[PDB]
Structures are given as structure tokens and as C-alpha cells.
**Student:** 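My questions will all concern the structure given below.
Below, chain A is the first sequence line, B the second, and so on; all start at residue 1.
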Amino acid sequence: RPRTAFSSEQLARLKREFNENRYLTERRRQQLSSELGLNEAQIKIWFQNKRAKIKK
Amino acid sequence: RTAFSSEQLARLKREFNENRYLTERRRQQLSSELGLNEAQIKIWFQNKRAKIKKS
DNA sequence: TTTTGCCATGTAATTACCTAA
DNA sequence: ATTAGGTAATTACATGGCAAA
């Protein structure tokens, strides 16, 4: 899949969600997908990477 | 779906007894020796590990 | 017994998500 | 973003077995 760039609103909402729970459940991912206008896979990958930076 | 031969399952079981986790190399050796693809071996080990957890 | 018919089961393979690189 | 290997949960099959006329 192509490399994308998140808008400031997308990044803000993504950051507030990760603040509550670093893990996404399926329904939750689907919801953030239609609400933000982002492919579920991009949201899934964003959470993986954010968790990886936190550990380091 | 492939069904392993008597001597294959035998070698697989013995290998699994000495080490339940494969290294890329061991996996290659078993492949060329048993005439199986590396994927059939990887999945055999994954499943063996899973079957063991239930008992 | 013989024969016919259904189904429990062991198991290879697939799928989704994870970490770590 | 991609990649490999792991776990856990399913699925799809080849079988052997048991039931019963």
C-alpha cells in the first residue's frame, strides 16, 4: 500500500486514542476508519509503530 | 493437503524432541533431507507446539 | 455376519495481530 | 511502509468407527 500523510486532525484524534489505549480492537479500528477517512490498515500500522517508539 | 510418510513424521518428532524451535538452517537441512518444502516444516512445528498446550 | 450410511476426530493449512528489525 | 516468525483460533479434509437393516 502507498505511503500516506495524516492531516493534523487525523493525527490529533489518533494521539488521543492511543492515550486511552495503545491497543485497538477490531470494531474500534473500523470506527476510527470511517470517522477519520483512513484505511484500517494505515491505522493498524500507525498503532504498531507508536507502540514501538514508546518501548524504546 | 500433504500427508507425511512414516519416516517423515518420525524424523519430525525426533527433531522436535531435541529442539521445539527451528532456526533457518535446521529448517533448510530437514527440507533437503526429507524432500518437503520449508513451509510444510514451519507449519508442522507451529501446530505441534499448539497441540502440546492442550495437555 | 454383511453392507450401508453418518459423523467424530486428528491435523494440515489459513488468517489476524503481535513484536522486532 | 515492509518482512519474518510466533501464538491463537478456525477451517477443510481423509478417516476410522459405530449404528443398524
**Student:** Given atom NZ of A/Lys55 and atom P of C/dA21, what is their separation to the nearest angstrom?
**Tutor:**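 Going from NZ in A/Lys55 over to P in C/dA21 covers 6 Å.
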**Student:** Is the shortest side-chain N to carboxylate O distance from A/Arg16 to A/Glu20 below 4.0 Å?
**Tutor:**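 Not counted as a salt bridge, because no side-chain N and carboxylate O are separated by less than 4.0 Å.
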**Student:** Rounded to whole angstrom units, what separation is found between the NZ atom of B/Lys51 and the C1' atom of C/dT11?
**Tutor:**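 Rounded to the whole Å, the gap is 8 Å.
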**Student:** Starting at CZ of A/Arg27 and ending at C1' of C/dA16, how long is that distance when rounded to a whole Å?
**Tutor:**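 Going from A/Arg27 (CZ) to C/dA16 (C1'), I get 18 Å.
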**Student:** Taking the side chain of B/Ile43 as heavy atoms from C-beta outward, which of D/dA1, C/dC17, C/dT14 is closest to it?
**Tutor:**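 When the side chain of B/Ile43 is considered, C/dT14 is the closest of D/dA1, C/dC17, C/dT14.
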**Student:** Given D/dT2, is OP1 or OP2 found less than 4.0 Å from the side-chain N or O atoms of A/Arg3?
**Tutor:**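 No.
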**Student:** Which whole-number value in Å describes the distance from A/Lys44 NZ to D/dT3 P?
**Tutor:**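 Interatomic distance, NZ of A/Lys44 to P of D/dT3: 13 Å.
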**Student:** Exactly one of B/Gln40, B/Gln46, B/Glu38 should register a side-chain hydrogen bond (donor to acceptor under 3.5 Å, both in side chains) with B/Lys42. Which one does?
**Tutor:**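 Among the candidates, only B/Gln46 passes.
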**Student:** So which nucleotide from C/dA13, D/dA8, C/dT19 ends up closest to the side chain of B/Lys53?
**Tutor:**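 Side chain of B/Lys53 sits closest to D/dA8.
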**Student:** Expressed in angstrom and rounded to an integer, what is the separation of B/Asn47 atom CG from D/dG6 atom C1'?
**Tutor:**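 For the pair B/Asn47 CG and D/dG6 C1', the rounded distance is 12 Å.
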**Student:** Between D/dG5, D/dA1, C/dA13, which nucleotide has the shortest distance from any of its atoms to the side chain of A/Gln42?
**Tutor:**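 Looking only at heavy atoms from C-beta outward on A/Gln42, the closest nucleotide is D/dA1.
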**Student:** What integer distance in Å separates B/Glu38:CD from C/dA12:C1'?
**Tutor:**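 Rounded to whole Å, this separation is 18 Å.
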**Student:** Any side-chain heavy-atom pair from A/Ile54 and A/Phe18 closer than 4.5 angstrom?
**Tutor:**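 Yes, their side chains come closer than 4.5 Å.
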**Student:** When you check the gap from the basic side-chain N to the acidic O, do B/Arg11 and B/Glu15 get nearer than 4.0 Å?
**Tutor:**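 Between B/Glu15 and B/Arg11 there is a salt bridge, with a charged N closer than 4.0 Å to a carboxylate O.
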**Student:** Mind calculating the distance between CD (B/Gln28) and P (D/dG5) to the nearest angstrom?
**Tutor:**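 These atoms are roughly 11 Å apart.
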**Student:** Here's a test of your reading of the structure: between B/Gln46 and A/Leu24, which maps to the more 5' nucleotide of DNA chain C?
**Tutor:**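 It is B/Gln46, whose closest nucleotide lies nearer the 5' terminus.
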**Student:** How would you label the contact of B/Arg20 with the nucleic acid (heavy atoms, under 4.0 Å): base, sugar-phosphate, or nothing?
**Tutor:**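 No contact.
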**Student:** Is the distance from OP1 or OP2 of C/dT19 to the nearest side-chain N or O of A/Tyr23 less than 4.0 Å?
**Tutor:**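 For A/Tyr23, the contact criterion (side-chain N or O under 4.0 Å from OP1 or OP2 of C/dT19) is met.
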**Student:** Watson-Crick or G-U wobble partner for D/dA1, using a 3.5 Å limit on both distances?
**Tutor:**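 Pairing partner: none.
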**Student:** Verify the contact: side-chain N or O of B/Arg1 to OP1 or OP2 of C/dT14, cut-off strictly under 4.0 Å; return yes or no.
**Tutor:**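 False: B/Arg1 side-chain N/O out of range (4.0 Å or more) of C/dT14 OP1/OP2.
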**Student:** Atom CZ in A/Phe47, atom CZ in A/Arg28: separation rounded to 0.5 Å?
**Tutor:**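 Rounded to the nearest 0.5 Å, the CZ-CZ separation comes out at 8.5 Å.
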**Student:** Take the protein atom CD1 of B/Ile52 and the nucleotide atom P of D/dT7, then report the distance between them rounded to whole Å.
**Tutor:**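 One finds 12 Å between P of D/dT7 and CD1 of B/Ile52, rounded.
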